[PDB]
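Okay, structure first, notes after.
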Amino acid sequence: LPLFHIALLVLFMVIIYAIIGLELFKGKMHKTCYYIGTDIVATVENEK
Amino acid sequence: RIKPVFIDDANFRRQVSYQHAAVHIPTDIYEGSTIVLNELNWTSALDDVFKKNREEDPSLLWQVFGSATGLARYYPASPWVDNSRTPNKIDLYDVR
Amino acid sequence: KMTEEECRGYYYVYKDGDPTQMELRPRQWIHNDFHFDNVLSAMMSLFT
Amino acid sequence: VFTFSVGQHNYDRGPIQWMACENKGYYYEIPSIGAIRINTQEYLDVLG
Amino acid sequence: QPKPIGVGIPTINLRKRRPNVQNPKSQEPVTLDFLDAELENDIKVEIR
C-alpha cells in the first residue's frame, strides 16, 4: 500500500514517454534493405 | 593429387586424359575419412582394366565405378563440370 | 558431426530454411567462448 | 517396413524402432534438411 | 530431342529468390513414350 505513489508515478511517466515517442518516431521504421526486385530482406549472418 | 596432361578429344566434347581415372567425391563428404581413403586405395587397381577395356574397343565412352561410399571413379579422366566453390555455383551430384 | 575427426570438410547451410537455396561453408570444430575447462574459465563463466 | 523419425522432438521412438526391425525393415532419423539426402536414399542397402 | 521432358505449366516466383543461392537443376530421364512422339491411331497402339 505505501508503494501506491511510486506506482502512480511510474504509470504516468510511462504514459508521458509513450506519447513523446509516439509524436517523434510515429512511423519511421518501415523501410528496409530488400533485394532488388525481391521481397527478401537483405541482412548479414548475425545481424537483425 | 596428380596434375594431368588433358589432351583434347573427339567422341568426347571435352578434354580427356587416358592415363588415369578421375575421382568424384560429393561436396559434403570429407576426402580423408578412413572410409574414403580406403576406397581410393583398393579402387586404384581398376585403372588397368579401364585401360585394357578401352584399348580393346576404342569407341567406349565413360566407364564408371560408383561405390556405396559416395565416390565415383570414372575413365578417361576429365575435370568435373562444376567445381565445389571455385566457381560461384555448387554441384549436388551423388552417385548413389 | 560429433567428433573432431568428423567435423572436417565443407557442408551446406540453407538460407530461410529453403531446401533449394544453399551455401557452402567449411565446417570447423568450435569451442564455446565461455566454457568450463579450467577453474579460471569456470569462474569467468560463472561470473557472466 | 522402413520407419523415418523426423525432426527435433521429445517423443518416444521405441515403438518406431520396433516396427522397423521387427518387419525386416530399418529405422532412420532425419533431424534437419541436411540429412534428408543421405537418409532418404539408404534403404537400397536393405533392399539389396 | 536432347531436352528434358516437361511436365505441367511452368510457374516461378522471381520475388522469392535471392540472387546468389544456387538453385538445383534436375535429375530426370528423357522418358518419351512412343505414342507421344507420333500421332496416335489405334493401329499404332496395336503395333506398340
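Every chain is named by a letter (A, B, C, D and E) in the order it is written, and numbering of its residues begins at 1.
In this text, contacts are C-beta pairs under 8 Å (C-beta built on N, C-alpha and C of every residue); 3 or more make two chains touch, one makes a residue touch a chain.
Contact analysis places B-C first among chain pairs (by count of C-beta pairs in contact).
Subunit A and subunit C, compared by their mean Cα positions, are separated by 33 Å.
With centres defined as mean CA coordinates, subunit E is found 29 Å away from subunit B.
If each chain is reduced to the centroid of its CA atoms, subunit C and subunit E end up 42 Å from each other.
Residues of subunit A found to touch two or more other chains are 40.
Those residues of subunit E in touch with two or more other chains are numbered 17-18, 22, 24. Contact annotation for chain pairs lists A-E, B-C, B-D, B-E, C-D, C-E, with touch applied as defined.
Per the touch definition, subunit C reaches subunit B in the complex via residues 5-6, 8-12, 22, 24. For subunit E in complex with subunit B, the touching residues are 20, 22, 24.
Residues 28, 68, 92, 94, 96 of subunit B touch subunit D in their complex. If you check the complex, the residues on subunit C that touch subunit D are 11-12, 14, 17, 19. Partner subunit E is touched in their complex by these residues of subunit A: 35-40.
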